[PDB]
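Undergrad: Just dropping this structure here.
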Amino acid sequence: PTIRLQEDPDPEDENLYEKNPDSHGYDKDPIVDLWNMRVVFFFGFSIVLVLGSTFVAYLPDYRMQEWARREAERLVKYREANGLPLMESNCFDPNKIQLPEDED
Amino acid sequence: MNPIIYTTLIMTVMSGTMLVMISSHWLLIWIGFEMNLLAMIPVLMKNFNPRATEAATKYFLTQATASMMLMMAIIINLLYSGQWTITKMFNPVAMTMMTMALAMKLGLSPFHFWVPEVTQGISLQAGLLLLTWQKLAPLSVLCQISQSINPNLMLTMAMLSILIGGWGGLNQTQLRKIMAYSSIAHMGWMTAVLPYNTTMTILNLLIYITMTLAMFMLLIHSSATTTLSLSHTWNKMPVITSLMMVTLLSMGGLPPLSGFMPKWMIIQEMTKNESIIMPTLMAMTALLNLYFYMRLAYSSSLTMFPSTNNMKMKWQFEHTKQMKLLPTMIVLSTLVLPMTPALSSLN
Amino acid sequence: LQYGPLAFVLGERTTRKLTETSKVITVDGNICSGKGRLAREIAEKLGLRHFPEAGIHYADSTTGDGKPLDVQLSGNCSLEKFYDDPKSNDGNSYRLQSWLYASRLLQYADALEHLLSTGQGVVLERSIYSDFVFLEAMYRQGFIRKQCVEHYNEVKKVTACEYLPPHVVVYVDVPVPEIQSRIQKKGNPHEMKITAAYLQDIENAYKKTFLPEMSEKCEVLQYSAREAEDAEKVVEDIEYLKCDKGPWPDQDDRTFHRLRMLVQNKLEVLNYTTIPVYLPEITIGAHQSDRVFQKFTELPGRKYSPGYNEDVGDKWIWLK
Amino acid sequence: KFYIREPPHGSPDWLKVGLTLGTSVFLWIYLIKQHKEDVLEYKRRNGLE
Amino acid sequence: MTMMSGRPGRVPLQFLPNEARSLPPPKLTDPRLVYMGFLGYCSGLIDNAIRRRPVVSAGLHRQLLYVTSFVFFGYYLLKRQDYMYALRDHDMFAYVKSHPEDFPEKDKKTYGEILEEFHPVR
Amino acid sequence: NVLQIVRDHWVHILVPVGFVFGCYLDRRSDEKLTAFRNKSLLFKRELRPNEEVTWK
Amino acid sequence: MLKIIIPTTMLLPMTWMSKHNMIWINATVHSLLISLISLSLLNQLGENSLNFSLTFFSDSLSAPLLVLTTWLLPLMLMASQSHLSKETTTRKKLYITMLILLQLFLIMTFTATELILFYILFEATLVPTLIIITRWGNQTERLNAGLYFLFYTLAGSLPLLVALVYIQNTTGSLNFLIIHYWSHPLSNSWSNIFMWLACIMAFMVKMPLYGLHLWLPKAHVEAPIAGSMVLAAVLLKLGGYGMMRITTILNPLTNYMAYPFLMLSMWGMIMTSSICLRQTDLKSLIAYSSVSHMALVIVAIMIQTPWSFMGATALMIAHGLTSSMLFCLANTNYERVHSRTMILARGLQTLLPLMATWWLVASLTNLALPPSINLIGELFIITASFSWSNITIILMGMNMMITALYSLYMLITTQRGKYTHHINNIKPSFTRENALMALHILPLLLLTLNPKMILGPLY
Amino acid sequence: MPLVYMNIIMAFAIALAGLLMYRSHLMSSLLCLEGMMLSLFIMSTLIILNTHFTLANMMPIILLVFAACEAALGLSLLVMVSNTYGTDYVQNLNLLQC
Amino acid sequence: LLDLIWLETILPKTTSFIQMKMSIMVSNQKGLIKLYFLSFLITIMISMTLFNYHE
Ligand SMILES: CCCCCCCCCCCCCCCCCC(=O)OC[C@H](COP(=O)([O-])OCC(O)COP(=O)([O-])OC[C@@H](COC(=O)CCCCCCCCCCCCCCCCC)OC(=O)CCCCCCCCCCCCCCCCC)OC(=O)CCCCCCCCCCCCCCCCC
Ligand SMILES: CCCCCCCCCCCCCCCCC[C@@H](O)O[C@H](CO[C@H](O)CCCCCCCCCCCCCCC)COP(=O)(O)OCC[N+](C)(C)C
Ligand SMILES: CCCCCCCCCCCCCCCCC[C@@H](O)O[C@H](CO[C@H](O)CCCCCCCCCCCCCCC)COP(=O)(O)OCC[N+](C)(C)C
Ligand SMILES: CCCCCCCCCCCCCCCCC[C@@H](O)O[C@H](CO[C@H](O)CCCCCCCCCCCCCCC)COP(=O)(O)OCC[N+](C)(C)C
Ligand SMILES: Nc1ncnc2c1ncn2[C@@H]1O[C@H](COP(=O)(O)OP(=O)(O)O)[C@@H](O)[C@H]1O
C-alpha cells in the first residue's frame, strides 16, 4: 500500500465564533457558555476580589502594632521623666545570670 | 491434568510449607522442603512444552542442590552440639552453609540466575505461585535463626540482590522476566533488615505479596506476556490499564502509595542502628526498579499504541472467568499507607 | 452452574453424551456451488444443527442482539469492493481475509461448544482448515503481499492446532466454466468481475492441498454436481463410514475437558488473532482506534455487561 | 432483546442477594454486641462505674 | 531480631490475650475504622468497574458487604494494635523502674547558669 | 417539577456541607487540647460569677 | 484547618457526579468559594503561629502560599477547558481529579507540623504532576520531560528521608515547634557536613539551583498549560518553604557551607538571564526567567537575615503570579498558531490590542517595576546581600539590566513590528482569556497596596 | 574429630563440586546428587552411633526415602528432556536466558 | 556549551550510560546451567573463606 498504518486525518480546528458570533470562548453550547461566563465573572470579580480585599483591609490588628506603639510611648514617657536611659544594652538582669567562676 | 490431581498437588505444596513453618525439628523442616519441591515440580509443567520442561529441570537442580547443603549444615550443627531444635545454630561453619543454602532457595544474588529463567519458562499462574508462595518457608527459617546470622554475608547478598534486580530489570521486554527481577530486588530488601528486626521482614513480605498478586492477576486478566501485547489492552479494557499503572507506581515506592511503607520502615529501623550508608545506597538503587516500572506505565497506560483490526471482534465479548480477590488486592496494594501503625500487630 | 473444574470433579463427563451421531461435518466447495443446500439437507436428514457460512457479521449475530452493526465498527472490510478493486492500496483484501478467518475460528468454537455440551452433531459450510484456499487464490493473483501470507500462516499455526478436525469432509465438485455460467445467471453485479483464473486458483488449492491433507485425518466424500442434488443418497453414504482413523477416537474425558474449557471463553479463542505484528493492511492508528472504540461504546446495548444496560430495558440493576 | 439467555435475568438472584444482606446484618449486629460487652468489661475491670 | 516473640506468658496463636480486655475498646466512630470502611467502599467500586457494571449503582448488597467486612476486620486489627502498644509501654516502664542505675535523674540547670556559645550571623 | 432540578443540581451542596463538617471537626479537635485552659502564667484569671470556662 | 481540606475532598465527588456539561462550571464556582474561605488564614499573630491541632499549623510564611494555591486552581480550570473540548467526559473528569488531588497535597504540605508528614506530602505532589505532563502533553518529548522531572527530584529527596529519620532517632522528635525550641548548634565534622548536604540538596533541586535545573525547561515546556501554571507558580516554592523551615537546625554550619551554593546562584543567575536573550522558543524563555528569579530566592535564603527572608517570601509570591500570567499569555498565541517559535507570529498588537496591554503589564512586572511586590522582594534581597558583602551589587546590578533587556525583547518581538502576512487565522480574544489575564494581574497590584501580607513571619 | 569424619566430609565436598561442574551428560550430575545423599547418610549414621542417641537411629532411613523421591524426580525430568531432544545433554536446555 | 552539553553530560547522560552498560553486562547470559553453576561454586568457596573463616 506504500502506507504504514490506518489513521484518521488530522482535522482542522473549530472556530467557536462561526456557530456563535458572540461566543465568550467557554463552550460550544451558547447557554452553558453564557452561564460559565456569568459564574466566572460573578464569583471571581464580585465575590472573591472585592469582598476579599475589603475583608483583608479591615482585618483586626492581631499583629499588635498599635499595642506595641502605645506600650513604647508609655515606656519612653516613664524613662524620660525619671532620668533613666531610654534603652538598656542588656535585656536580661545580670542578677539572674551566673557567669562561670574562673576565666583563667 | 486432572483437576483433582492438581488440587492434591497444590495442597501438598502448601502442606510442605506449613510443615516447615510449624516444625521444631530440623529433620521435619528438611522434610517439608522436600515435600514442597516434589509437589511443585509437576505444577510448573502443567502446560507441557519444551520451555516448561527446561524450567522445571533448572528449578529441580537448583533446589536439590540447596536442600543437600541444608542437610549438610544441619548434620554439622548436630555433630558440634547434639541438638535437633531450630535455634541459634551453635556452629559458625554450619551457619554459613545454612545461609548459603537458604539464599539459593530464595534466589538471592549471587545465586539469582534461575529465577528469571524459570519465571519466563512457565505460565502466569505458575509464576504467581513461584514468586509468592515459595518465599514463605526459607524466609520463616531465616527469621527463626536471625540472631546467629552473620550480618556481613547477609547484607552483602541483600545489596547484591538489589543491584542485580535493578540492572537486570532495566533490559527486559518480557513481563515475566521483569517480574522475576523485581522479585529479586524485593528479596534483597527483605533480607537487608532481617538481622535487625524480623517484624519489618514480615511487613515487607506481606506488602510485596499483595502487590505481586495484584500485578499477576491483572496480567492474567489481560492475556499479555510481552510489552507489545500489553500495549493493546487500552483498546479493550482501559480500566485494567489504569489500575495496572497505579499498581506499577506503588511497586516503585512513590508516596503516598502503600509500596513506600516497607522501604520507609526499613530505613528507619536501619538508622535506629548506626547503619547510615546502606539504606542510602538501597534507595538510590531502587530508583532503577522505579525506572523500568515507569517505562512499562508509559507503554501500557500513559500513551496509546497502534492496534489491529481484529480487536473489533474482541470488543463484542466479555471476560468469562472473574477473579474475586483482585479489587481487594488492588486496594491493599495502593491505599494502605495511612494504616501504617497497624504493623505493631505483626510482632 | 458455569462449566468448570468443579462440574468435572462431580458428575459431568463428555464421553457419555457422544451417541454415534456427533460427527462434525463440513461441506466444502468452490464459489457459487450449491454446498449450502446440501449442508442444510444433510443436517435435516441426520438431525444435526446447521451452521450457515460465517460472513463478515457472524460475530454480531451471537452477541447483544443478533442484528448486524455498522461495517466501521465491525469488520472494517468489504466483500463488494474486493471484487470491484482487488488491488486496492488500502489493504482491503487481506483485512477481509483476516477478519473472515477470525469469524470462522469463532464459528468453529461455537459449533464445538454446542456439540460437547449437548452431544448433538453440527454441519458447517467451510472451516478454518478450508479458509486458506481463498488466501492462496489472492496471493497467486497478486491481490495480497507475501508478508500478509506469512502473518496468516502464523495466526493459523497458533490457532487451528488446538481443536479437533471434522469427522467427515464433504466436497462438491463443479467445473470452472459451469461456475462462471452460474455466476452470470445469478445477477449480482459484483461477482461478474470474478476472473476465471481466480476460480481456477481456488480449485487448484482445494484439490491439491486441502483434500490430500484432509484425507489423512479422515476419508473425504467427494461428489460431482449432478450427484449432490440427491441428498438422501449422500446422507445414506455418510451413515456407512468407518471412523476409527483420526484423532477423534483417541479422546478421553480429560482432553474433552480441556477442549470444552477452551471452546467457551471466546476471548481465549480469539487471543492470538490480534498479535502485535504490524502489517499496514491491518494496523490501525491510535487516534482512529480511540475514535472507533468510543463510537462502539455508545451503541444502545454495549456500554456495560449484558444484564446491566438499563437503556435497553434492564431492570433491578441495583440488586444484580 | 438479547440473542441468548444471559443467565442473570431481569430479576436479581434472590438467594445470593438474601445471603449477602443477611451476612452484612449479622456482622453488624455481632460487632455492635461485641463492642458493648467490651465496653462493659473494660468499665468493670478498671472500676469506673 | 524479634523483640516480642518470646515474652513470658505469651499464648502461641491467641491474637487477643485476656489481658487486652482491660483496655478501652476503640470507638465505633474511630477515624481509622472509617478509613477501613472507605477502603471497603473503594474495593466495591473497583469491583463494579472491573466487571463492566455501572460503578456507583450496580450492586448495593455487594458494596454493603465490602464495607461491613472491612470494618469488621479493622475493629479487631485496631484492638490488637492498641494492645501491643500498651504492652510495649508497660514493659518499658517496668524496666526503667527496675534498673534505676541506668536511668539517672541528674540535677536541673537553668539557662542562667548554662554557658551557650553565641554564633553571630553576619 | 423540582425532581429534575434537584437531580440536576444536588452536587451543589457537597462543598458547603464539607465546609460546615470541617468547622465542626475543628471545634471537636479544639475540644481535646484544653489541658491548660485558664492555667497559663500570662492569662490566668479568676472566673466571672456566671461563666464556666474562659474559652471553648 | 479541616474547614479548607474537607471542601476539596468534596470537590472530588462533586466533579465525578456532575452532568457531562457542567463539570467546568461546578469546579470553577466551588474552587473560587474555597479560595474565599482560605482568605481567612491571613489573620496572623505577631509572636507565634496558629496551632490548629497536633497535625496542622499556619504560619505567616505558609498562609500566602495556601491562598496562592487555592486561587491558582480556578485559573487552571479556566485555562484548561479550551484545549480539552474534544476530550471525552471521563478523561476530562480525570484531568480535574488530578488538579484537585494536586491542590489537596499542596494544601496539606504547607501546614504539616512534622517534617516526615511534610516530606510525604511534598513527595506525593509528584504523581499528579507526572501523570498530567506525560498523559496530556502535546509532543513526544513529554515522556523524557516526565522522566527528567521525576528522577532529578527523587535523587535529591531520598537522602533527605534518611537524614530525617536519623534526626528523629537522635533528638526524639520531628515536630517543628519542638525542633525550633530545642535547637542545638551543629559542630564542624564530616558527619555534620553530610547531614547538612542531605537536608539541603532536595530543596536545592526543587528551586532549582543552577546546574541542577535541566529538568525544568523540559518539564515546563512539554506540559499542558495548567501543568506549567502549577509547576511555575507553586511547586517551585516548595523548595524555598522547605529550606526556610529546615535551616533552623543547620546553624552555625551554614555560615560556610553556603558558599558554593551562593556562587552558583549568583553566576547562574547571570547565565540564565543571558540564555534568555537567545531563545527561539517562547516558553523556554519564561522557564529560564523562573530559574533566574529562583536563584535570587536561593541567595536570600542562604544569607539568613530577616530582610532576606522577607524578600524571599515577597519574591516567591510575586513570581508565582507573574510566571503563571506569562505562561497563559504564551499559550493563547500557541492555541492560535499551533507553534511555540517566537518570531513566527509578529505585530500582534495590531491584531489584538487588549492582549498587547496584558503582555505589557506582565512584562513590566517581570522586570520589577516599582512599586510592584516583585521589586519589593528584589530590593530587600539586594539590600541584604549588600550588607552581606558590598561586591554583590555588581552581580545583582548586571542581573537587573539583563532582565529588563530580555523582558522587553520578548515584548517587542511578539507585539511590535509587522504582522506575518501568511497567518490569517488570528481570531479576536475570547472573554475567557481576558478574564484569565485580569484575574492574574489585579491581585498583584492589590497586594502592592498592602505588602505586609506577603512579607513572611520576620515582619 | 577423627580421620573418618574428615574423609566423609571430603567425600561430600567432592560430590558437591562434581555436581557444580557439568560436563555433557545430565545423568552424571544426578549420580553426583545420589553421592551427596550417600555421604550425608554415612555421616549422620556415624554421629548417631557414636553418641548412642537411640531415637535418632531412624532419621537416616527417612533421608534414604526422600533421596529415592529426589532421584525418581530427576529421572522423570531426564526422560522428558531426552524425549524432546534425543539426548540428555545440558547444552540443549538453553531456550530461556537471563 | 554549558546548558545543552556539559551540564547534560555530567549528571544525567553519565548516569544513563552507566546504568545501560551495567544492565547489558548483568542481563546478557546464555542460559547455560554449566556456567552459572560454576559461578555458584566460586561463590560458595569465596563465602566460606571471606566471611566464614572470620568469626
Ligand atoms: C487523599 C484524600 C482522599 C482521596 C482517596 C484516593 C482517591 C479516590 C479513591 C480512589 C478509588 C475510588 C474509585 C475506585 C473506582 C474507580 C474506577 C473507575 O473506572 O471509575 C470510573 C467511574 C465512571 O464509570 P461509570 O460512571 O459507570 O460510566 C462511565 C464509563 O465507565 C466510562 O469508563 P471507561 O472505562 O470507558 O473510561 C476509560 C478510562 C477509565 O479509567 C479510569 O476511570 C481510571 C480510574 C482508576 C482508579 C484509581 C486506581 C485505584 C485507586 C488508587 C488511587 C491513588 C490515589 C493517591 C494519589 C496517586 C494518584 C494516582 O480510562 C482512561 O480514560 C485512561 C486515562 C489515563 C489516565 C491515567 C490516570 C488513572 C489513575 C488516576 C487515579 C486517581 C484517583 C481516582 C480517580 C477517580 C476515579 C473515578 O467513575 C465513577 O463514576 C465513580 C467515582 C465517584 C464515586 C465516589 C462518589 C461517592 C458518592 C457521592 C457522595 C459523597 C459522600 C460525601 C459524604 C457527605 C454527605 C453529602
Ligand atoms: C479599567 C479602568 C482602570 C482605571 C480606572 C480606575 C478608577 C479608580 C479605581 C482605582 C483605585 C486607586 C487605588 C488607591 C488606593 C486606595 C485604597 C487604599 O486606601 O486601601 C488600602 C487597603 O487595601 C487592602 O488592604 C489591600 C487589598 C488586599 C489584596 C488581597 C487580594 C484578594 C485575594 C485574591 C486572590 C489572592 C492571590 C494572591 C495570593 C497571595 C489601604 O490599606 P490600609 O493602610 O490598611 O487602610 C487603613 C485603614 N483601615 C486599616 C482601617 C482599613
Ligand atoms: C498490603 C496490605 C497487607 C494486608 C495483609 C493481609 C490482610 C488480610 C489477612 C487477614 C489476617 C487473618 C489472621 C488473623 C486470624 C487469627 C490468627 C492469629 O492467631 O494469628 C496471630 C498473629 O496475628 C497476625 O500476625 C495479625 C495479622 C494482621 C496483619 C495486618 C498488618 C499489616 C501492617 C499495616 C498495613 C495496614 C493493613 C490494613 C488491612 C486492610 C498469632 O500470633 P503469633 O503466632 O504469636 O505470631 C507468629 C509470628 N511470630 C511469632 C514470628 C511473631
Ligand atoms: C553541578 C551542581 C551540583 C550542586 C553543587 C553541590 C555543592 C557541594 C560542595 C560541598 C561544599 C563543601 C564540602 C566540604 C566542606 C569543606 C571542603 C574542603 O575542601 O575544605 C577543606 C577540606 O580539606 C581538604 O579539602 C579535604 C577534602 C578533600 C577531598 C574532597 C573531594 C573534593 C574534590 C571535588 C569533587 C566534586 C564534588 C561534587 C560532585 C559533583 C577544609 O579543611 P579541613 O579543616 O581539613 O576540613 C573541614 C572538616 N573538618 C573540620 C571535620 C576537619
Ligand atoms: N473465505 C472467503 N474469502 C473470500 N470470499 C469468500 C469467502 N467465503 C465466501 N466468500 C464469497 O462469498 C460468495 C458466496 O459464497 P458461497 O458460500 O461460495 O456461495 P453460497 O451462498 O451459494 O453458499 C462468494 O462471492 C464467495 O466468493
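Within each chain, counting starts at residue 1; across the C-alpha cells, chains are named A, B, ... in the order shown, with ligands numbered 1 upward in that order.
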Residues within 6 Å of ligand 2 (only C-alpha atoms and all ligand atoms), as a PyMOL selection string?
TA: (chain A and resi 49+52-53+56-58) or (chain G and resi 64+67-68+71+443+446-447+449-450)
Undergrad: Mind dumping the selected residues with C-alpha atoms as a tab-separated table (two decimals), in the first residue's frame?
TA:
chain	number	residue	atom	x	y	z
A	49	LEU	CA	-11.84	40.01	44.58
A	52	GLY	CA	-11.97	39.54	49.93
A	53	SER	CA	-9.96	42.74	49.51
A	56	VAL	CA	-8.27	41.78	54.24
A	57	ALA	CA	-8.22	45.57	54.50
A	58	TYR	CA	-10.34	45.55	57.67
G	64	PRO	CA	0.04	33.39	51.44
G	67	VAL	CA	-4.01	31.39	49.37
G	68	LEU	CA	-1.97	31.31	46.16
G	71	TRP	CA	-6.52	30.93	43.92
G	443	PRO	CA	-4.29	40.63	42.75
G	446	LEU	CA	-3.95	44.77	45.16
G	447	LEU	CA	-1.16	43.09	47.14
G	449	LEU	CA	-1.49	48.15	48.14
G	450	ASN	CA	-0.92	46.14	51.36
Undergrad: List as a compact mmCIF listing (two decimals) with N, CA, C and O atoms, in the first residue's frame the protein and nucleic acid residues lying within 7 Å of ligand 1, with only C-alpha atoms and all ligand atoms counted.
TA:
# COMPACT_ATOMS: atom_id res chain seq x y z
N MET B 237 -9.72 -2.97 27.41
CA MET B 237 -10.15 -2.65 28.77
C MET B 237 -9.26 -1.55 29.35
O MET B 237 -8.20 -1.83 29.93
N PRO B 238 -9.66 -0.29 29.20
CA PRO B 238 -8.83 0.81 29.72
C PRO B 238 -8.73 0.85 31.24
O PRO B 238 -7.70 1.28 31.77
N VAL B 239 -9.78 0.41 31.95
CA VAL B 239 -9.75 0.39 33.41
C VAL B 239 -8.63 -0.51 33.91
O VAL B 239 -7.95 -0.19 34.90
N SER B 242 -5.39 1.37 33.63
CA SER B 242 -5.26 2.41 34.65
C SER B 242 -4.91 1.82 36.01
O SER B 242 -4.02 2.33 36.71
N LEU B 243 -5.60 0.74 36.40
CA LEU B 243 -5.30 0.10 37.67
C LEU B 243 -3.88 -0.46 37.67
O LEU B 243 -3.17 -0.38 38.68
N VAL B 246 -1.44 2.44 38.28
CA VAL B 246 -1.34 2.84 39.68
C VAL B 246 -0.59 1.80 40.50
O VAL B 246 0.22 2.13 41.37
N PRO B 256 2.12 8.70 48.03
CA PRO B 256 1.55 8.26 49.30
C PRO B 256 1.07 6.82 49.21
O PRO B 256 0.29 6.37 50.04
N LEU B 257 1.50 6.11 48.17
CA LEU B 257 1.11 4.73 47.94
C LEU B 257 1.67 3.76 48.98
O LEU B 257 2.67 4.04 49.62
N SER B 301 -0.19 2.56 29.59
CA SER B 301 -1.31 3.34 30.10
C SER B 301 -1.26 4.82 29.74
O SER B 301 -2.31 5.41 29.48
N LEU B 302 -0.08 5.43 29.73
CA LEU B 302 0.00 6.88 29.57
C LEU B 302 0.08 7.31 28.11
O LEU B 302 -0.15 8.49 27.82
N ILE B 330 -5.91 -4.88 44.73
CA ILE B 330 -5.52 -3.57 44.20
C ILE B 330 -5.61 -2.51 45.29
O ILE B 330 -4.70 -1.69 45.47
N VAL B 331 -6.71 -2.52 46.05
CA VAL B 331 -6.89 -1.51 47.10
C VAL B 331 -5.81 -1.65 48.16
O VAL B 331 -5.25 -0.65 48.63
N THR B 334 -2.52 -0.26 46.93
CA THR B 334 -2.42 1.18 46.71
C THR B 334 -2.70 2.02 47.95
O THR B 334 -1.83 2.78 48.39
N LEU B 335 -3.90 1.92 48.51
CA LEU B 335 -4.37 2.86 49.54
C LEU B 335 -4.24 2.32 50.96
O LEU B 335 -5.22 2.30 51.68
N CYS E 42 -14.11 1.55 48.37
CA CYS E 42 -13.27 1.62 47.18
C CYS E 42 -13.14 0.25 46.51
O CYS E 42 -13.14 0.15 45.28
N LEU E 45 -16.30 -0.31 44.57
CA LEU E 45 -16.32 0.47 43.33
C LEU E 45 -15.41 -0.14 42.28
O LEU E 45 -15.78 -0.22 41.10
N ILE E 46 -14.21 -0.58 42.68
CA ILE E 46 -13.29 -1.19 41.73
C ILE E 46 -13.84 -2.52 41.22
O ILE E 46 -13.66 -2.87 40.05
N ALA E 49 -16.27 -1.57 38.55
CA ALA E 49 -15.63 -1.08 37.34
C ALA E 49 -14.94 -2.18 36.55
O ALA E 49 -14.95 -2.16 35.32
N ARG E 53 -19.71 -3.01 35.05
CA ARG E 53 -21.01 -2.66 35.59
C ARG E 53 -21.06 -1.18 35.93
O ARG E 53 -20.01 -0.55 36.12
N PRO E 54 -22.26 -0.58 36.00
CA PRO E 54 -22.36 0.80 36.48
C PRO E 54 -21.68 0.97 37.84
O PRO E 54 -22.09 0.34 38.81
N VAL E 55 -20.67 1.83 37.90
CA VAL E 55 -19.72 1.80 39.01
C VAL E 55 -20.42 2.10 40.34
O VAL E 55 -20.18 1.43 41.35
N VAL E 56 -21.29 3.10 40.35
CA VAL E 56 -21.86 3.56 41.61
C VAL E 56 -23.14 2.82 41.99
O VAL E 56 -23.43 2.68 43.18
N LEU F 14 -22.49 19.58 48.23
CA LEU F 14 -21.39 18.79 48.77
C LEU F 14 -20.32 19.67 49.41
O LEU F 14 -19.83 19.36 50.50
N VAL F 17 -21.47 21.60 52.63
CA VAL F 17 -21.59 20.62 53.70
C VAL F 17 -20.21 20.20 54.19
O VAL F 17 -19.99 20.03 55.39
N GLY F 18 -19.27 20.02 53.26
CA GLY F 18 -17.90 19.74 53.67
C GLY F 18 -17.30 20.86 54.49
O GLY F 18 -16.56 20.62 55.44
N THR G 9 -11.77 17.72 49.18
CA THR G 9 -12.15 16.32 49.09
C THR G 9 -13.60 16.18 48.64
O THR G 9 -13.97 15.16 48.05
N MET G 10 -14.43 17.19 48.92
CA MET G 10 -15.79 17.18 48.39
C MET G 10 -15.84 17.65 46.94
O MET G 10 -16.77 17.28 46.21
N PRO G 13 -15.90 14.19 44.58
CA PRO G 13 -17.14 13.55 44.12
C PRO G 13 -18.11 14.51 43.47
O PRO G 13 -18.96 14.06 42.69
N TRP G 16 -17.07 14.13 40.05
CA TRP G 16 -17.38 12.82 39.47
C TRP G 16 -18.87 12.51 39.43
O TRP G 16 -19.25 11.49 38.85
N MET G 17 -19.72 13.36 40.01
CA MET G 17 -21.17 13.16 39.98
C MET G 17 -21.89 14.21 39.15
O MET G 17 -23.12 14.16 39.03
N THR G 90 -15.08 11.21 30.67
CA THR G 90 -14.33 10.53 31.71
C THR G 90 -12.92 11.08 31.84
O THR G 90 -12.42 11.29 32.95
N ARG G 91 -12.26 11.33 30.70
CA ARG G 91 -10.90 11.85 30.75
C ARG G 91 -10.86 13.30 31.24
O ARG G 91 -9.91 13.69 31.92
N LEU G 94 -11.07 12.97 34.88
CA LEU G 94 -9.78 12.53 35.41
C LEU G 94 -8.78 13.68 35.47
O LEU G 94 -7.98 13.77 36.41
N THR G 97 -9.70 15.68 38.37
CA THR G 97 -9.32 14.92 39.56
C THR G 97 -7.84 15.08 39.87
O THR G 97 -7.45 15.23 41.03
N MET G 98 -6.99 15.03 38.83
CA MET G 98 -5.56 15.25 39.02
C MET G 98 -5.31 16.64 39.61
O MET G 98 -4.52 16.79 40.55
N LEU G 101 -6.44 16.71 43.31
CA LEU G 101 -5.51 15.97 44.17
C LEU G 101 -4.22 16.76 44.38
O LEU G 101 -3.67 16.78 45.49
N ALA G 124 4.31 13.29 47.51
CA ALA G 124 3.07 12.85 46.88
C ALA G 124 2.64 13.81 45.79
O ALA G 124 1.92 13.42 44.87
N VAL G 127 3.10 12.53 41.79
CA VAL G 127 2.30 11.64 40.93
C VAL G 127 1.31 12.40 40.06
O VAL G 127 1.28 12.16 38.84
N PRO G 128 0.47 13.31 40.59
CA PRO G 128 -0.44 14.04 39.69
C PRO G 128 0.28 14.86 38.64
O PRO G 128 -0.16 14.90 37.49
N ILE G 131 1.66 12.49 35.93
CA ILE G 131 0.57 11.98 35.11
C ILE G 131 0.06 13.05 34.16
O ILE G 131 -0.13 12.79 32.97
N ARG G 135 0.56 12.43 30.18
CA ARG G 135 -0.66 11.99 29.53
C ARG G 135 -1.27 13.08 28.66
O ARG G 135 -1.77 12.78 27.57
Undergrad: Near chain C, which residues of chain A fall within 6 Å when you count only C-alpha atoms, and what do they look like as a ChimeraX atom specification?
TA: /A:1,4-8
Undergrad: For the residues in that selection, give me N, CA and C atoms as a compact mmCIF listing (two decimals), in the first residue's frame.
TA:
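Okay, selection-v6.txt is ready:
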# COMPACT_ATOMS: atom_id res chain seq x y z
N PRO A 1 0.81 -1.22 0.00
CA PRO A 1 0.00 0.00 0.00
C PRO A 1 0.84 1.27 0.00
N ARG A 4 1.91 2.81 6.13
CA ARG A 4 2.40 2.11 7.30
C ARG A 4 1.30 1.71 8.27
N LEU A 5 0.10 2.28 8.14
CA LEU A 5 -0.93 2.16 9.16
C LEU A 5 -2.19 2.86 8.68
N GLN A 6 -3.33 2.49 9.27
CA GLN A 6 -4.61 3.13 9.00
C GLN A 6 -4.86 4.19 10.07
N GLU A 7 -4.99 5.44 9.66
CA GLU A 7 -5.16 6.53 10.61
C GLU A 7 -6.14 7.55 10.07
N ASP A 8 -6.87 8.19 10.98
CA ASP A 8 -7.69 9.33 10.63
C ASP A 8 -6.80 10.51 10.23
Undergrad: Give me, as a compact mmCIF listing (two decimals) with C-alpha atoms, in the first residue's frame, the residues of chain G touching chain E, with the criterion being at most 10 Å (counting only C-alpha atoms).
TA:
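This went into iface24.txt:
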# COMPACT_ATOMS: atom_id res chain seq x y z
CA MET G 17 -21.17 13.16 39.98
CA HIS G 184 21.36 22.92 69.25
CA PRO G 185 24.35 24.01 67.15
CA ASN G 251 23.39 26.65 62.24
CA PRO G 252 26.28 27.53 62.55
CA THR G 254 25.61 27.20 57.11
CA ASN G 255 27.98 30.11 57.77
CA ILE G 303 22.40 34.52 53.75
CA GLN G 304 19.91 34.06 56.63
CA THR G 305 18.81 37.58 57.58
CA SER G 387 25.08 44.05 53.89
CA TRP G 388 26.49 40.53 53.45
CA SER G 389 29.15 41.88 51.06
Undergrad: Compute the set of protein, DNA and RNA residues whose minimum atom distance to ligand 3 is at most 6 Å, using only C-alpha atoms and all ligand atoms, and state it as a list in words.
TA: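 What falls inside 6 Å of ligand 3 is residues 206, 207, 210, 332, 333, 336, 339, 340, 342, 343, 345, 346 and 347 of chain B; 5, 12, 13, 14 and 15 of chain E.
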Undergrad: What's around residue 2 of chain D at 8 Å? Count only C-alpha atoms, leave out sequence neighbours fewer than 3 positions away in its own chain, and write the answer as a list in words.
TA: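 Using only C-alpha atoms, the neighbours found are residues 63, 64, 65, 66 and 306 of chain C; 5 and 6 of chain D.
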Undergrad: The selected residues should be written to file as a PDB file, in the first residue's frame (atoms: N, CA and C atoms).
TA:
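Result file part-v1.pdb:
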ATOM      1  N   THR C  63     -23.815 -11.975  19.730  1.00  0.00           N
ATOM      2  CA  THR C  63     -23.703 -11.145  20.919  1.00  0.00           C
ATOM      3  C   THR C  63     -24.697  -9.993  20.854  1.00  0.00           C
ATOM      4  N   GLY C  64     -25.080  -9.506  22.031  1.00  0.00           N
ATOM      5  CA  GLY C  64     -26.121  -8.493  22.103  1.00  0.00           C
ATOM      6  C   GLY C  64     -27.396  -9.037  21.500  1.00  0.00           C
ATOM      7  N   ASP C  65     -27.980  -8.274  20.585  1.00  0.00           N
ATOM      8  CA  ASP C  65     -28.995  -8.804  19.691  1.00  0.00           C
ATOM      9  C   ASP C  65     -28.321  -9.316  18.426  1.00  0.00           C
ATOM     10  N   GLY C  66     -29.017 -10.188  17.707  1.00  0.00           N
ATOM     11  CA  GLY C  66     -28.413 -10.833  16.559  1.00  0.00           C
ATOM     12  C   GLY C  66     -28.258  -9.929  15.356  1.00  0.00           C
ATOM     13  N   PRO C 306     -24.006  -7.442  29.560  1.00  0.00           N
ATOM     14  CA  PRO C 306     -25.359  -7.692  29.038  1.00  0.00           C
ATOM     15  C   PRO C 306     -26.506  -7.357  29.982  1.00  0.00           C
TER      16      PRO C 306
ATOM     17  N   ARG D   5     -29.597 -16.387  26.574  1.00  0.00           N
ATOM     18  CA  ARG D   5     -30.228 -16.329  27.889  1.00  0.00           C
ATOM     19  C   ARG D   5     -29.687 -15.182  28.733  1.00  0.00           C
ATOM     20  N   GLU D   6     -28.368 -14.920  28.651  1.00  0.00           N
ATOM     21  CA  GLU D   6     -27.635 -14.033  29.558  1.00  0.00           C
ATOM     22  C   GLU D   6     -28.073 -14.339  30.990  1.00  0.00           C
TER      23      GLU D   6
END
